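Reviewing the structure listed below.
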Amino acid sequence: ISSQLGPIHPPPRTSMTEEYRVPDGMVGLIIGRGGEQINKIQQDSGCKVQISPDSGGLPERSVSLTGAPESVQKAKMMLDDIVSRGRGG
């Protein structure tokens, strides 16, 4: 399982679960200043962005995205940025 998405139609608390397959080095970059960057954005947006070093099914890191439509947007926006510059797309 990867990316998640959301098989259920309820609010983005689960309909916007994004499991982001992100290279572990690009996680070093997603935190930017060493961690605080992602905290700023995930706390600012209101999105439940959790970095998973355990991953689950991926060898690299898996970032789980959940929250509200606009929070999950802001959150996944930063994820898109770094994961695009790392994995291409």
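Along the chain as shown, residues are numbered 1 onward.
Looking at the header, which is where the method is noted, we find solution NMR.
Every residue gets a Cβ built from N, Cα and C, even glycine.
Record features, source Swiss-Prot:
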type	residues	note
DOMAIN	15-79	domain 'KH 1'
MOD_RES	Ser2	phosphoserine
MOD_RES	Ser52	phosphoserine
MOD_RES	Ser55	phosphoserine
MOD_RES	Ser64	phosphoserine
Rounded Cα separation (Å) that holds between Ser52 (phosphoserine) and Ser2 (phosphoserine): 13
Cα separation, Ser55 (phosphoserine) to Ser2 (phosphoserine) (Å, whole number): 10
Secondary structure content of the domain 'KH 1' (15-79), with strand meaning DSSP E or B: 27 helix, 14 strand, 24 coil
List of residues, in chain order, with Cβ under 8 A from that of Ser64 (phosphoserine) and at least 6 apart: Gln4, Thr17, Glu18, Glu19, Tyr20, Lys48, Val49, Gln50, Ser52
For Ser55 (phosphoserine): intrachain residues, at least 6 apart, with Cβ closer than 8 Å: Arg61, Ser62
Cβ neighbour count (within 10 Å, all chains shown) around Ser52 (phosphoserine): 15
